[PDB]
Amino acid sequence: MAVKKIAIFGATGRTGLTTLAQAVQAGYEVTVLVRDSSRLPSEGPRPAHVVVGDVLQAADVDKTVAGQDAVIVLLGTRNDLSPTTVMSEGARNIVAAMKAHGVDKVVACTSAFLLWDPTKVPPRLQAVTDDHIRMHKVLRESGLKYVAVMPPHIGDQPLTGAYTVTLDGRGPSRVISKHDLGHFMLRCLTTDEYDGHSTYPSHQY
């Protein structure tokens, strides 16, 4: 069940690339903000609008949010586990841009670790999780219609469209395919029922 319009942050990442592809195939008119467009597939279905810039730069974010109906956030740091503020700085700029333009809907990916007992989060992942927590707080405090997508391990299994979604939020499987995760990000554009909730998509493959 697919849908049509939007801006994607993090479209060049693992989940971003398939979310972008699914969004264009679905019929969405998609804008992306990318640091470097050579990381978009010079092949795959082409976004309506590519803007080159940095989510840390407010004016770049403002340009990419202008005129959108909703915002999808798949920012991340790849396999870099170092301390970072990119996601929380990005979220702050996204919130400011959404407020200025009257955009209300943001679907943003952090991590299922925000649903764990904090004493059980793997220490090596704590610096990244800290910035996920910072980003989530920014989005919660914004008062915008915010779906918090908190996935467990992101796998590479093909798209099923058959995953489960648990609200607020633990969840019985510890994996979600990147393709199913992107499918779910876009599904969240089709309904208000997850707004203000945390969501944990998962599946057994």
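Each residue number is its position in the shown sequence, starting from 1.
Taking only CA atoms, the mean B-factor in the PDB entry is higher for 42-50 than for the other of 141-149 and 42-50. Higher mean CA B-factor, judged across 17-25 and 193-201 from the recorded values: 17-25. Within the group 55, 70, 165, 162, the record's highest C-alpha temperature factor is found at 162. Highest C-alpha temperature factor among 120, 99, 132, 124 per the entry: 120. When the CA B factors of the chain's modelled residues are split into thirds, the value for residue 136 lands in the lowest one. When the modelled residues of the chain are ordered by their C-alpha B factor, residue 92 lands in the middle third.
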